[PDB]
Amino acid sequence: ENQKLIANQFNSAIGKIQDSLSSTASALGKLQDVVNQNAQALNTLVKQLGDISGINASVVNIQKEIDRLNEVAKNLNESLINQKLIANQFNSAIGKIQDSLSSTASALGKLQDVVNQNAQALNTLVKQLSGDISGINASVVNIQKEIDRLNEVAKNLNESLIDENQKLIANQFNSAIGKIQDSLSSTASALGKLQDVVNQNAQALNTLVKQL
């Protein structure tokens, strides 16, 4: 039966996608924590040190988005797998995956914004305090291309939904997988860029402390 093959290939894909959602939630949580830790570090520096007294790094809260990713990862178990049943289970999975992509894009945007806000805060502190610290400069992160791509995949997955029909199901499924692969590659890119800028700005703050 080709239906066994479709069901098994689909079930295989869902499990891998669940893996990726669990890993994404973990990376987002770790970024959230370190961003907030380094925001606290910067604010502690300002407090210990008139023209700098109002400088304040912001905290990020993406716990709602992280929670949703884990919830979709768990709820995708109900989408696991007769052409009606396959089509309905597939369509069910796509909508949950669309939800997870929308939530990931949101979390990435909030991280981008807070990282850049806190980079500006650190650079303002340096400017106010400025010989030996004057070149210290926090970098900004730009992941808008990746965020845009996630939302576009979330939207374009509507065309992969299912309304001979094994070909149609197979082709619609294959279409969805390629879009999801695209979104996974873009998510990984966005996470690496955030990781790199967070670490650059942590080093910048630590360099400021050492010089002062």
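Counting begins at 1, following the sequence as shown.
S.K.: Check the entry and tell me how many residues of the deposited sequence have no coordinates between residue 130 and residue 131: none, 1 to 3, 4 to 9, or 10 or more.
M.R.: Going from residue 130 to residue 131, the model skips 4 to 9 residues of the deposited sequence.
S.K.: Do the C-alpha atoms of 28 to 36 or of 154 to 162 have the higher average B factor in the entry?
M.R.: Mean CA B-factor is higher for 154 to 162.
S.K.: Using only C-alpha atoms and the B-factors in the entry, which stretch averages higher, 61 to 69 or 165 to 173?
M.R.: Per the PDB record, 165 to 173.
S.K.: Based on the PDB record, which member of 23, 199, 189, 9 exhibits the highest Cα temperature factor?
M.R.: 9 has the highest C-alpha B-factor of those listed.
S.K.: Please place residue 135 in the lowest, middle or highest third of its chain by C-alpha B factor as given in the entry.
M.R.: Middle third.
S.K.: Lowest, middle or highest third: where is residue 147 by C-alpha B factor in its chain?
M.R.: According to the entry, residue 147 has a C-alpha B-factor in the chain's middle third.
S.K.: Sorting by Cα B-factor within the chain, modelled residues only, which third would residue 49 end up in: lowest, middle or highest?
M.R.: Top third by C-alpha B-factor.
S.K.: Of the three thirds of its chain by CA temperature factor, lowest, middle or highest, which one includes residue 208?
M.R.: It belongs to the lowest third of the chain when residues are ordered by C-alpha B-factor.
S.K.: Give the position of residue 81 by CA B-factor within its chain, expressed as the lowest, middle or highest third.
M.R.: CA B-factor rank for residue 81: highest third.
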